[PDB]
Amino acid sequence: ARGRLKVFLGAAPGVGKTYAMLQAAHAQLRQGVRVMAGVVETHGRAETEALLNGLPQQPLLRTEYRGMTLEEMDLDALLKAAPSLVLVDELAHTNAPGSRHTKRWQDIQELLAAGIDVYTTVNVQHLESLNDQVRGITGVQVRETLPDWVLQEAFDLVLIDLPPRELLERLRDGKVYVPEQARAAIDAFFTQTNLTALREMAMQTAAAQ
């Protein structure tokens, strides 16, 4: 049986992609599926941290790079253990230096070729075809990109939707964490106008699948 990819697609950070993925994963766990978390970003949400702690977890690999402790999915251990389903946040991620592959999507393709199912999350901004539209709207450069075909050839795609106004409240209320984005950049990104634009992109993306 070929590995099947399910992508939880969202307009932006904070729309609930990871939580949706972890709830989907619990349904599978309950039905007896050997589920393993490969890489999951809970981003300080206690409810998401509580879902993750009910799932088997594969320790990450830590490296040091320019003072920073970088974490990657332990691909080699996952291939060896051969779980039935691996959970992998952030489909557009560019891997830590010294990784076998440049991109986390390649890590995923490798699991999938080994017959391992994969659940993943991605924000719409990372799609290659949309890089310039996103930069034109937000004024922020998207540096981690994803070839559109990686998402197009996904077995399953689910849109995780949230109103922009509500996402702005979440950001205000300390519920949205965006690690590799400085304050000036977050302020430039998370506006009503920009989030409305990105929500339409996510929907147009989901409809074209």
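Residues numbered from 1 in each chain as written, not as in the entry; some residues may be left out. Heavy atoms only, no water.

Determination of this PDB entry was carried out by X-ray crystallography to a resolution of 2.30 Å, according to the record.

1. Section: the side chain of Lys 17
Selection rule: In DSSP terms, a helix is any run of H or I states spanning at least four residues, a strand is any run of E spanning at least two, and both are numbered starting from the N terminus. Each residue is assigned to one of three classes by its accessible area relative to the maximum for its type, calculated with a 1.4 Å probe on protein chains only: buried under 20%, partly exposed between the two thresholds, exposed over 50%. When charges are counted, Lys and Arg contribute as positive and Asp and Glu as negative, whereas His and the chain ends are disregarded. By definition, a salt bridge exists where a carboxyl oxygen of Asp or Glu is found within 4 Å of a side-chain nitrogen of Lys or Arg. By the criterion applied in these results, polar contacts are pairs of N or O atoms within 3.5 Å in which, for protein atoms, one can donate a hydrogen and the other can accept it, and in which residues neighboring in sequence qualify only through two side-chain atoms. The contact criterion used throughout is that any non-hydrogen atoms of two residues lie within 4.5 Å.
Along the chain, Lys 17 falls in helix α1 (residues 17-30). No salt bridge is formed by the buried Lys 17; its nearest oppositely charged neighbour, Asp 89, is found at 7.0 Å. Of note is the side chain of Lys 17, whose polar atom sits 3.1 Å from the backbone oxygen of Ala 12. Residue contacts for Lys 17: discarding those within four places in its chain leaves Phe 8, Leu 9, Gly 10, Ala 12, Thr 121, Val 122, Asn 123 and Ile 160.

2. A word on the sheet that holds strand β6 (residues 117-123)
This is how it is decided: Pairs of strands are assigned from DSSP output, requiring at least two bridges between the strands. Between N-to-C directions, angles span 0 to 180 degrees; the directions come from axes that are lines fitted to C-alpha atoms, helices contributing only their stretch in contact.
Read across the sheet, five strands follow the order β2-β5-β6-β1-β7 without closing on themselves; strand pairing throughout is parallel. Two strands in the sheet have a free side with no partner beyond their single neighbour: β2 (35-39) and β7 (156-159). Here the strands of the sheet are splayed against their neighbours by 20° on average, with no regard to which way each runs. In this sheet, strand β5 (residues 85-88) lies alongside β2 in parallel orientation, the contact comprising four bridges. The residue bridging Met 36 from the neighbouring strand is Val 86, located in β5. Contacts between α1 and the sheet are confined to β1 (5-10), β2, β5 and β6, with β6 contributing the most and set at about 165° to the helix.

3. Re the pattern of salt bridges
One pass over the structure, following the stated rule, counts six salt bridges. For the salt bridge of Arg 45 with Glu 47, the shortest nitrogen-to-oxygen distance reads 3.2 Å. Take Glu 47: its relative accessible area is 39%, and that puts it in the partly exposed class. Measuring nitrogen to oxygen at the nearest pair gives 3.0 Å for the salt bridge that ties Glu 72 to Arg 104. Placement of the pair is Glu 72 in strand β4 (residues 68-72) and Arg 104 in helix α4 (residues 104-113), with a sequence separation of 32 residues. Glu 72 gets classed as buried once you look at its relative accessible area, which sits at 5%.

4. Observations concerning the nonpolar core
Defined as follows: Definition of nonpolar core: a set of buried residues of the types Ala, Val, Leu, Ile, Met, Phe, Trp, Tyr and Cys, connected through side-chain atoms within 4.5 Å.
Ranked by size, the top nonpolar core spans 59 residues in total, and within it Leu 87, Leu 111, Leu 146 and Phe 190 carry the most contacts. For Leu 87, the residues in contact, after removing those within four places along its chain, are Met 21, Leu 22, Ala 25, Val 35, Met 36, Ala 37, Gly 38, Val 39, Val 40, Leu 55 and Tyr 119.

5. Focus on the pairing of β4
In terms of strand pairing, strand β3 (residues 61-65) meets β4 through five bridges, oriented antiparallel. Residue pairing for β4: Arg 62 is matched across the bridge by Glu 71. Between the end of β3 and the start of β4, which pair antiparallel, lie two residues, with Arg 66 showing a positive phi angle near 60°.

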